[PDB]
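Shown next: query.tsv, given as TSV, C-alpha atoms and all ligand atoms.
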```tsv
chain	number	residue	atom	x	y	z
A	1	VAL	CA	99.89	81.04	-66.77
A	2	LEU	CA	102.90	82.67	-68.46
A	3	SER	CA	106.48	81.89	-67.53
A	4	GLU	CA	108.83	84.60	-66.23
A	5	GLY	CA	110.62	84.37	-69.57
A	6	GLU	CA	107.41	85.17	-71.44
A	7	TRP	CA	106.67	88.08	-69.09
A	8	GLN	CA	110.20	89.41	-69.69
A	9	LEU	CA	109.61	89.48	-73.45
A	10	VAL	CA	106.34	91.35	-72.90
A	11	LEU	CA	107.76	93.92	-70.50
A	12	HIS	CA	110.86	94.43	-72.66
A	13	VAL	CA	108.85	95.62	-75.67
A	14	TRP	CA	106.41	97.53	-73.47
A	15	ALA	CA	109.34	99.57	-72.14
A	16	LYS	CA	109.81	100.85	-75.70
A	17	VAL	CA	106.13	101.70	-75.99
A	18	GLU	CA	106.46	103.83	-72.85
A	19	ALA	CA	109.04	106.03	-74.59
A	20	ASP	CA	106.07	107.52	-76.46
A	21	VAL	CA	102.69	106.46	-75.07
A	22	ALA	CA	100.70	109.14	-76.90
A	23	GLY	CA	102.14	108.21	-80.29
A	24	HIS	CA	101.53	104.50	-79.84
A	25	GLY	CA	98.03	105.29	-78.63
A	26	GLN	CA	97.17	107.11	-81.86
A	27	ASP	CA	98.50	104.41	-84.20
A	28	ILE	CA	96.52	101.77	-82.32
A	29	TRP	CA	93.23	103.70	-82.42
A	30	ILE	CA	93.52	104.53	-86.10
A	31	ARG	CA	94.42	100.92	-86.90
A	32	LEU	CA	91.38	99.67	-84.96
A	33	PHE	CA	88.87	102.20	-86.31
A	34	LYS	CA	89.94	101.65	-89.92
A	35	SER	CA	90.05	97.85	-89.72
A	36	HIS	CA	86.80	97.57	-87.74
A	37	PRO	CA	84.71	100.75	-88.32
A	38	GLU	CA	81.88	99.34	-86.20
A	39	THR	CA	83.94	99.83	-83.03
A	40	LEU	CA	83.92	103.59	-83.57
A	41	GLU	CA	80.14	103.60	-83.03
A	42	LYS	CA	80.75	102.82	-79.37
A	43	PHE	CA	82.36	106.22	-78.73
A	44	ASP	CA	79.70	108.94	-78.80
A	45	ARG	CA	82.64	111.28	-78.30
A	46	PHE	CA	84.58	110.16	-81.39
A	47	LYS	CA	81.92	108.74	-83.72
A	48	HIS	CA	81.93	112.00	-85.69
A	49	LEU	CA	85.49	111.52	-86.96
A	50	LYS	CA	85.31	110.67	-90.68
A	51	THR	CA	88.92	110.38	-91.85
A	52	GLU	CA	92.32	109.23	-90.62
A	53	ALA	CA	93.33	112.88	-90.88
A	54	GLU	CA	90.60	113.98	-88.46
A	55	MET	CA	91.52	111.19	-86.06
A	56	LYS	CA	95.19	112.14	-86.01
A	57	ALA	CA	94.25	115.78	-85.36
A	58	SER	CA	91.91	115.02	-82.43
A	59	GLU	CA	93.45	116.07	-79.12
A	60	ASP	CA	90.74	114.22	-77.19
A	61	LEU	CA	91.42	110.94	-78.99
A	62	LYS	CA	95.14	111.34	-78.25
A	63	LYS	CA	94.46	111.90	-74.54
A	64	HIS	CA	92.18	108.86	-74.45
A	65	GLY	CA	94.83	106.67	-76.04
A	66	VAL	CA	97.18	107.59	-73.18
A	67	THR	CA	94.55	106.67	-70.57
A	68	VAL	CA	93.91	103.30	-72.20
A	69	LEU	CA	97.55	102.28	-72.63
A	70	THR	CA	98.42	103.43	-69.12
A	71	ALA	CA	95.66	101.22	-67.71
A	72	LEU	CA	96.78	98.26	-69.84
A	73	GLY	CA	100.41	98.85	-68.91
A	74	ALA	CA	99.45	98.74	-65.24
A	75	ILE	CA	97.83	95.34	-65.76
A	76	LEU	CA	100.78	93.84	-67.66
A	77	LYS	CA	103.22	94.97	-64.99
A	78	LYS	CA	101.27	92.88	-62.47
A	79	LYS	CA	102.38	89.74	-64.34
A	80	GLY	CA	99.11	87.86	-63.88
A	81	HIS	CA	98.20	89.23	-60.43
A	82	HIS	CA	95.68	91.76	-61.76
A	83	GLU	CA	92.42	90.86	-59.99
A	84	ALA	CA	92.12	94.28	-58.33
A	85	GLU	CA	92.85	96.17	-61.57
A	86	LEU	CA	90.35	94.18	-63.63
A	87	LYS	CA	87.25	94.67	-61.47
A	88	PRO	CA	86.54	98.34	-62.22
A	89	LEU	CA	87.55	97.94	-65.87
A	90	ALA	CA	85.24	94.95	-66.30
A	91	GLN	CA	82.33	96.70	-64.60
A	92	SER	CA	82.47	99.87	-66.72
A	93	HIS	CA	82.93	98.04	-70.03
A	94	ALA	CA	80.22	95.47	-69.36
A	95	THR	CA	77.65	97.69	-67.65
A	96	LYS	CA	78.19	101.21	-68.99
A	97	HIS	CA	80.01	100.92	-72.33
A	98	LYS	CA	78.72	97.43	-73.24
A	99	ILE	CA	81.80	96.18	-75.08
A	100	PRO	CA	81.58	92.58	-76.37
A	101	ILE	CA	84.63	90.31	-76.01
A	102	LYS	CA	84.89	90.34	-79.81
A	103	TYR	CA	85.92	94.01	-79.71
A	104	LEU	CA	88.62	93.25	-77.14
A	105	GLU	CA	89.94	90.72	-79.67
A	106	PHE	CA	89.99	93.43	-82.34
A	107	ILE	CA	91.99	95.90	-80.24
A	108	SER	CA	94.36	93.08	-79.28
A	109	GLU	CA	95.03	92.52	-82.98
A	110	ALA	CA	95.65	96.26	-83.43
A	111	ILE	CA	98.21	96.33	-80.60
A	112	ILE	CA	100.16	93.40	-82.04
A	113	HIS	CA	100.16	94.97	-85.50
A	114	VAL	CA	101.46	98.35	-84.29
A	115	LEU	CA	104.21	96.75	-82.16
A	116	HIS	CA	105.28	94.60	-85.11
A	117	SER	CA	105.54	97.70	-87.32
A	118	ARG	CA	107.38	99.98	-84.88
A	119	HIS	CA	109.57	97.48	-82.97
A	120	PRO	CA	110.58	94.62	-85.30
A	121	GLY	CA	113.86	94.25	-83.41
A	122	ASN	CA	112.10	93.62	-80.11
A	123	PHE	CA	109.07	91.82	-81.48
A	124	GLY	CA	110.24	88.62	-83.15
A	125	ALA	CA	108.10	85.46	-83.28
A	126	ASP	CA	108.81	84.51	-79.67
A	127	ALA	CA	108.03	88.00	-78.33
A	128	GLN	CA	104.81	88.16	-80.35
A	129	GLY	CA	103.82	84.76	-78.98
A	130	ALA	CA	104.38	86.05	-75.44
A	131	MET	CA	102.35	89.23	-76.05
A	132	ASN	CA	99.51	87.24	-77.61
A	133	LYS	CA	99.48	84.97	-74.56
A	134	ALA	CA	99.40	87.94	-72.18
A	135	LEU	CA	96.51	89.54	-74.07
A	136	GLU	CA	94.60	86.24	-74.22
A	137	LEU	CA	95.05	85.92	-70.44
A	138	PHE	CA	93.64	89.44	-70.07
A	139	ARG	CA	90.63	88.65	-72.29
A	140	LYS	CA	89.95	85.32	-70.57
A	141	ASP	CA	89.87	86.98	-67.14
A	142	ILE	CA	87.76	89.91	-68.32
A	143	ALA	CA	85.32	87.42	-69.87
A	144	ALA	CA	84.97	85.55	-66.57
A	145	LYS	CA	84.19	88.82	-64.80
A	146	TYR	CA	81.65	89.77	-67.48
A	147	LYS	CA	79.74	86.59	-66.69
A	148	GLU	CA	79.77	87.24	-62.94
A	149	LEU	CA	78.48	90.76	-63.58
A	150	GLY	CA	75.59	89.55	-65.71
A	151	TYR	CA	76.88	90.44	-69.17
A	152	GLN	CA	77.31	87.84	-71.91
A	153	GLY	CA	79.93	89.77	-73.87
B	1	LIG	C1	92.96	97.17	-74.16
B	1	LIG	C2	91.63	97.09	-73.60
B	1	LIG	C3	91.00	98.19	-73.00
B	1	LIG	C4	91.39	98.89	-71.89
B	1	LIG	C5	92.60	98.59	-70.99
B	1	LIG	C6	90.42	99.97	-71.71
B	1	LIG	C7	90.51	100.99	-70.75
B	1	LIG	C8	89.60	102.05	-70.63
B	1	LIG	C9	89.66	103.06	-69.57
B	1	LIG	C10	90.72	103.12	-68.47
B	1	LIG	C11	88.61	103.91	-69.74
B	1	LIG	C12	88.24	105.10	-68.84
B	1	LIG	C13	87.64	104.65	-67.50
B	1	LIG	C14	86.48	103.68	-67.68
B	1	LIG	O1	85.45	104.08	-68.27
B	1	LIG	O2	86.60	102.52	-67.24
B	1	LIG	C15	87.88	103.42	-70.88
B	1	LIG	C16	86.70	104.02	-71.35
B	1	LIG	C17	85.99	103.55	-72.45
B	1	LIG	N1	86.31	102.40	-73.17
B	1	LIG	FE1	87.88	101.15	-72.91
B	1	LIG	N2	89.43	99.91	-72.68
B	1	LIG	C18	89.78	98.84	-73.49
B	1	LIG	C19	89.11	98.46	-74.65
B	1	LIG	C20	87.98	99.11	-75.17
B	1	LIG	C21	87.35	98.74	-76.45
B	1	LIG	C22	87.83	97.61	-77.40
B	1	LIG	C23	86.25	99.58	-76.59
B	1	LIG	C24	85.32	99.69	-77.64
B	1	LIG	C25	85.40	99.11	-78.96
B	1	LIG	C26	86.23	100.43	-75.39
B	1	LIG	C27	85.25	101.38	-75.15
B	1	LIG	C28	85.31	102.33	-74.13
B	1	LIG	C29	84.40	103.44	-74.03
B	1	LIG	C30	83.18	103.71	-74.92
B	1	LIG	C31	84.84	104.22	-73.03
B	1	LIG	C32	84.28	105.60	-72.67
B	1	LIG	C33	85.00	106.71	-73.41
B	1	LIG	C34	84.46	108.09	-73.08
B	1	LIG	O3	83.29	108.37	-73.44
B	1	LIG	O4	85.19	108.89	-72.46
B	1	LIG	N3	87.32	100.18	-74.55
B	1	LIG	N4	88.48	102.26	-71.43
```
This structure in structure tokens:
Amino acid sequence: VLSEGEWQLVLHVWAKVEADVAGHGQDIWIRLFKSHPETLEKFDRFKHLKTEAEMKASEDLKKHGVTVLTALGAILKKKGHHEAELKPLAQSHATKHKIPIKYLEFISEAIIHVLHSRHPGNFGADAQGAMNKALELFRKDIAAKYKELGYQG
């Protein structure tokens, strides 16, 4: 469980992210796909992108980034009360997409890296600690659901 103070640090930097969701979405995707190329193989819709240049030019990838960050933003705003939001997300990623927990760790690392680069003033050590805790909470809960749904992860 996070304290209200930790949630405040998380929502304060997220408010900056919301000033440009599409842009943050792109940086995160490109960071992830370059650092862990294996994750790209999970998207039959994007697996054909070969360079950073092609990724940045993809309108579909941009749109998808917005969908993903909007869903994550909805979860963070719940401040730990996200049971309802996690069920459909867990079912699709465990049953249809088959995304192991390891990949959720990779995208978590990408989010922290992008926020550190674009918002140093609102992402000091304490804020990063709060965001890491919020993302670990998210992963822990998704993992528990995975098990209940019959997927190891
Ligand atoms: C921050 C964590 C994540 C969130 C909040 C999230 C959210 C979403 C949402 C909302 C969708 C569309 C609706 C749905 O299918 O449920 C989606 C689709 C998908 N996600 Fe995620 N996702 C996350 C992480 C990942 C990761 C790490 C991978 C793979 C390495 C992944 C793979 C997929 C795939 C393959 C689709 C289908 C894309 C398509 O063909 O249109 N997701 N995700």
Return the single residue from A:19, A:32, A:75, A:137 that is closest to residue 111 of chain A, with distances computed using all atoms listed in the file.
A:32
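Coordinates place atom CA of residue 55 of chain A at a distance of 9.9 Å from atom CA of residue 27 of chain A.
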Which centre and which edge lengths, in Å to one decimal, describe the axis-aligned box that holds all listed atoms of ligand LIG 1 (chain B) after 8 Å is added on each side, as lines of an AutoDock Vina configuration file?
```
center_x = 88.1
center_y = 103.0
center_z = -73.1
size_x = 25.8
size_y = 27.8
size_z = 27.7
```
Residues near residue 152 of chain A, anyone? I mean within 9 Å using all atoms listed in the file, not counting same-chain ones fewer than 3 positions away, as a PyMOL selection string.
chain A and resi 94+100-101+143+146-147+149
What residues have any atom no more than 6 Å from ligand LIG 1 (chain B) when counting only C-alpha atoms and all ligand atoms, and can you list them as an NGL selection string?
:A and (39 or 42-43 or 45 or 67-68 or 71-72 or 89 or 92 or 97 or 99 or 103-104 or 107)
Output of the above residues as an mmCIF file, keeping the file's coordinate frame, restricted to C-alpha atoms:
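Final file, part.cif:
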```cif
data_model
loop_
_atom_site.group_PDB
_atom_site.id
_atom_site.type_symbol
_atom_site.label_atom_id
_atom_site.label_comp_id
_atom_site.auth_asym_id
_atom_site.auth_seq_id
_atom_site.Cartn_x
_atom_site.Cartn_y
_atom_site.Cartn_z
ATOM 1 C CA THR A 39 83.940 99.830 -83.030
ATOM 2 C CA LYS A 42 80.750 102.820 -79.370
ATOM 3 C CA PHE A 43 82.360 106.220 -78.730
ATOM 4 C CA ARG A 45 82.640 111.280 -78.300
ATOM 5 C CA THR A 67 94.550 106.670 -70.570
ATOM 6 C CA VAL A 68 93.910 103.300 -72.200
ATOM 7 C CA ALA A 71 95.660 101.220 -67.710
ATOM 8 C CA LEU A 72 96.780 98.260 -69.840
ATOM 9 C CA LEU A 89 87.550 97.940 -65.870
ATOM 10 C CA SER A 92 82.470 99.870 -66.720
ATOM 11 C CA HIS A 97 80.010 100.920 -72.330
ATOM 12 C CA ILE A 99 81.800 96.180 -75.080
ATOM 13 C CA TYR A 103 85.920 94.010 -79.710
ATOM 14 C CA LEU A 104 88.620 93.250 -77.140
ATOM 15 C CA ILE A 107 91.990 95.900 -80.240
#
```
Students should find that atom CA of residue 14 of chain A and atom CA of residue 112 of chain A are spaced 11.4 Å
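Proximity of A:22, A:31, A:80, A:85 to residue 60 of chain A, computed with all atoms listed in the file, is greatest for A:22.
Counting from atom CA of residue 2 of chain A, the distance to atom CA of residue 25 of chain A is 25.3 Å.
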Would you list the contacts of residue 81 of chain A as a list in words, taking every protein, DNA or RNA residue within 12 Å and counting all atoms listed in the file, but skipping same-chain residues closer than 5 positions in sequence?
residues 1, 2, 74, 75, 76, 86, 134, 137, 138 and 141 of chain A
Write out as JSON lines a residue-level contact list of segment 78-111 of chain A versus segment 122-130 of chain A with cut-off 12 Å: for each qualifying residue the closest pair of atoms and the distance in Å to one decimal, counting only C-alpha atoms, rows sorted by chain and residue number upward.
```
{"residue": "A:79", "atom": "CA", "partner": "A:130", "partner_atom": "CA", "distance": 11.9}
{"residue": "A:108", "atom": "CA", "partner": "A:128", "partner_atom": "CA", "distance": 11.6}
{"residue": "A:109", "atom": "CA", "partner": "A:128", "partner_atom": "CA", "distance": 11.0}
{"residue": "A:111", "atom": "CA", "partner": "A:128", "partner_atom": "CA", "distance": 10.5}
```
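Closest approach to residue 49 of chain A from the set A:37, A:23, A:65, A:150 is made by A:37, with distances taken over all atoms listed in the file.
You can rank A:24, A:145, A:48, A:133 by their closest distance to residue 83 of chain A using only C-alpha atoms, and at the top of that list sits A:145.
Considering the residues A:61, A:90, A:131, A:66 and counting all atoms listed in the file, residue 20 of chain A has its shortest atom-to-atom contact with A:66.
Nearest residue to residue 135 of chain A, choosing from A:16, A:8, A:44, A:73 and counting all atoms listed in the file: A:73.
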How would segment 120-144 of chain A look with N, CA and C atoms restored, written as a PDB file, in the frame of the given file?
```pdb
ATOM      1  N   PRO A 120     110.203  95.936 -84.760  1.00  0.00           N
ATOM      2  CA  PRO A 120     110.580  94.620 -85.300  1.00  0.00           C
ATOM      3  C   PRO A 120     111.732  93.954 -84.553  1.00  0.00           C
ATOM      4  N   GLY A 121     112.696  94.764 -84.115  1.00  0.00           N
ATOM      5  CA  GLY A 121     113.860  94.250 -83.410  1.00  0.00           C
ATOM      6  C   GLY A 121     113.573  93.690 -82.029  1.00  0.00           C
ATOM      7  N   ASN A 122     112.468  94.111 -81.425  1.00  0.00           N
ATOM      8  CA  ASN A 122     112.100  93.620 -80.110  1.00  0.00           C
ATOM      9  C   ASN A 122     110.763  92.901 -80.157  1.00  0.00           C
ATOM     10  N   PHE A 123     110.351  92.495 -81.351  1.00  0.00           N
ATOM     11  CA  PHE A 123     109.070  91.820 -81.480  1.00  0.00           C
ATOM     12  C   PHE A 123     109.178  90.702 -82.524  1.00  0.00           C
ATOM     13  N   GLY A 124     110.074  89.753 -82.263  1.00  0.00           N
ATOM     14  CA  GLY A 124     110.240  88.620 -83.150  1.00  0.00           C
ATOM     15  C   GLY A 124     109.116  87.632 -82.858  1.00  0.00           C
ATOM     16  N   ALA A 125     109.146  86.460 -83.490  1.00  0.00           N
ATOM     17  CA  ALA A 125     108.100  85.460 -83.280  1.00  0.00           C
ATOM     18  C   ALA A 125     107.868  85.093 -81.816  1.00  0.00           C
ATOM     19  N   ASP A 126     108.945  84.874 -81.071  1.00  0.00           N
ATOM     20  CA  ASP A 126     108.810  84.510 -79.670  1.00  0.00           C
ATOM     21  C   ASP A 126     108.193  85.626 -78.825  1.00  0.00           C
ATOM     22  N   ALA A 127     108.585  86.870 -79.083  1.00  0.00           N
ATOM     23  CA  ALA A 127     108.030  88.000 -78.330  1.00  0.00           C
ATOM     24  C   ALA A 127     106.556  88.179 -78.677  1.00  0.00           C
ATOM     25  N   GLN A 128     106.210  88.005 -79.950  1.00  0.00           N
ATOM     26  CA  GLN A 128     104.810  88.160 -80.350  1.00  0.00           C
ATOM     27  C   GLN A 128     103.972  87.064 -79.700  1.00  0.00           C
ATOM     28  N   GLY A 129     104.537  85.863 -79.603  1.00  0.00           N
ATOM     29  CA  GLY A 129     103.820  84.760 -78.980  1.00  0.00           C
ATOM     30  C   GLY A 129     103.548  85.082 -77.510  1.00  0.00           C
ATOM     31  N   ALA A 130     104.528  85.684 -76.847  1.00  0.00           N
ATOM     32  CA  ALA A 130     104.380  86.050 -75.440  1.00  0.00           C
ATOM     33  C   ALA A 130     103.321  87.142 -75.253  1.00  0.00           C
ATOM     34  N   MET A 131     103.325  88.138 -76.138  1.00  0.00           N
ATOM     35  CA  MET A 131     102.350  89.230 -76.050  1.00  0.00           C
ATOM     36  C   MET A 131     100.943  88.707 -76.342  1.00  0.00           C
ATOM     37  N   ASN A 132     100.824  87.796 -77.305  1.00  0.00           N
ATOM     38  CA  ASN A 132      99.510  87.240 -77.610  1.00  0.00           C
ATOM     39  C   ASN A 132      98.979  86.478 -76.394  1.00  0.00           C
ATOM     40  N   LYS A 133      99.865  85.742 -75.732  1.00  0.00           N
ATOM     41  CA  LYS A 133      99.480  84.970 -74.560  1.00  0.00           C
ATOM     42  C   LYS A 133      99.038  85.891 -73.422  1.00  0.00           C
ATOM     43  N   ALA A 134      99.751  86.996 -73.243  1.00  0.00           N
ATOM     44  CA  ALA A 134      99.400  87.940 -72.180  1.00  0.00           C
ATOM     45  C   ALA A 134      98.047  88.602 -72.452  1.00  0.00           C
ATOM     46  N   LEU A 135      97.771  88.908 -73.718  1.00  0.00           N
ATOM     47  CA  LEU A 135      96.510  89.540 -74.070  1.00  0.00           C
ATOM     48  C   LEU A 135      95.360  88.535 -74.010  1.00  0.00           C
ATOM     49  N   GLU A 136      95.644  87.265 -74.299  1.00  0.00           N
ATOM     50  CA  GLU A 136      94.600  86.240 -74.220  1.00  0.00           C
ATOM     51  C   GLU A 136      94.252  86.019 -72.745  1.00  0.00           C
ATOM     52  N   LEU A 137      95.261  86.090 -71.879  1.00  0.00           N
ATOM     53  CA  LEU A 137      95.050  85.920 -70.440  1.00  0.00           C
ATOM     54  C   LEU A 137      94.113  87.035 -69.972  1.00  0.00           C
ATOM     55  N   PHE A 138      94.431  88.258 -70.390  1.00  0.00           N
ATOM     56  CA  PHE A 138      93.640  89.440 -70.070  1.00  0.00           C
ATOM     57  C   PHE A 138      92.179  89.253 -70.507  1.00  0.00           C
ATOM     58  N   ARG A 139      91.980  88.860 -71.764  1.00  0.00           N
ATOM     59  CA  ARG A 139      90.630  88.650 -72.290  1.00  0.00           C
ATOM     60  C   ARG A 139      89.878  87.531 -71.587  1.00  0.00           C
ATOM     61  N   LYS A 140      90.578  86.452 -71.251  1.00  0.00           N
ATOM     62  CA  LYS A 140      89.950  85.320 -70.570  1.00  0.00           C
ATOM     63  C   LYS A 140      89.432  85.744 -69.192  1.00  0.00           C
ATOM     64  N   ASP A 141      90.242  86.517 -68.474  1.00  0.00           N
ATOM     65  CA  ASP A 141      89.870  86.980 -67.140  1.00  0.00           C
ATOM     66  C   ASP A 141      88.757  88.013 -67.187  1.00  0.00           C
ATOM     67  N   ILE A 142      88.800  88.900 -68.176  1.00  0.00           N
ATOM     68  CA  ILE A 142      87.760  89.910 -68.320  1.00  0.00           C
ATOM     69  C   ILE A 142      86.442  89.208 -68.643  1.00  0.00           C
ATOM     70  N   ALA A 143      86.517  88.170 -69.478  1.00  0.00           N
ATOM     71  CA  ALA A 143      85.320  87.420 -69.870  1.00  0.00           C
ATOM     72  C   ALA A 143      84.664  86.766 -68.658  1.00  0.00           C
ATOM     73  N   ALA A 144      85.483  86.206 -67.772  1.00  0.00           N
ATOM     74  CA  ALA A 144      84.970  85.550 -66.570  1.00  0.00           C
ATOM     75  C   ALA A 144      84.247  86.553 -65.685  1.00  0.00           C
TER      76      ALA A 144
END
```
